[PDB]
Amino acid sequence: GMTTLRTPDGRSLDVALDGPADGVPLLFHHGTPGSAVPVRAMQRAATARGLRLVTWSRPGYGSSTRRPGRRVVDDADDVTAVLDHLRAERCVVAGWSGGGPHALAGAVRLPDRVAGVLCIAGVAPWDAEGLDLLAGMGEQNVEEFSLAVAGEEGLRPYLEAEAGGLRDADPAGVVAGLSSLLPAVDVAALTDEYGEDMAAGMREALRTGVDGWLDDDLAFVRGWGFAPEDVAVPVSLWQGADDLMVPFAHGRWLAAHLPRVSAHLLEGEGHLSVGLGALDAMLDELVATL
């Protein structure tokens, strides 16, 4: 259930902490936008493997104190604070989408505590050599990233206009709000329990405004503060060919730059469907790093 953790710099983090109380932590880094609202399918898959699912809202999402100017790597301060709260020597970590860079960061910060990374449709570094980051992206994401590069003053009112349609959205509302970004396989994923969980995640992400979404976007268009080459632990990398939010080429790029990577490039899968259908295979590979 939900708890609050005070960090050393005086911030509060909203933390969703599952049992089992003695399990190895699985730290799940949420997407952009996203929050500490667990996906029930991920809870069931984690508990089946004896993993203790832990997620926190990144600064500015939900009731987590905004931390303006944060880089991707600054999230690893909170990884360390959370694992110290749990008294956990070792963990595995997973990140989806905007969570992918943050999951990798924790591995670089804590190379002897993080055993392995699961990176699901993770976004590539903004200066990724030889990659056109915006190529294959849905036009909503091209617009958002172009505003992010231009700065907070133009990005904020854009995100506030998008948030109008998403802050109270049910699953149908999330589909309507992401029109350019979802292929049919992703729309089909946002039904039933997964859709309810993702919509609840989106509502909590936007409950106190767009600050977490804004600060994530601004972080993704600057230096992460580390390179994928610095991630020494095994990475299980997954990417859908039909993803319009993080194009296939981003996962191909990350797979080429990570030193120890199992790469899975799934035909017919999008940004949402990749995680939903492959969760058992993803967690089997992650747990094998322990």
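Numbering starts at 1 and runs along the sequence shown.
- Of the two stretches examined, 126 to 134 and 71 to 79, the record assigns the greater average C-alpha temperature factor to 126 to 134.
- Relative to its counterpart among 166 to 174 and 91 to 99, 166 to 174 has the higher mean temperature factor, C-alpha atoms as listed in the PDB entry.
- The PDB entry assigns its highest CA temperature factor, among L206, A121, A161, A219, to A161.
- Annotation for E144: CA B-factor lies in the middle third of the chain's modelled residues.
- In the deposited entry, the Cα temperature factor of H264 places it in the lowest third of its chain's modelled residues.
- Per-chain ranking of the deposited C-alpha B factor places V274 in the middle third.
- Ranked by Cα temperature factor within the chain, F248 sits in the highest third according to the deposited record.
- Compared with the other modelled residues of the chain, the Cα B-factor recorded for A281 ranks in the lowest third.
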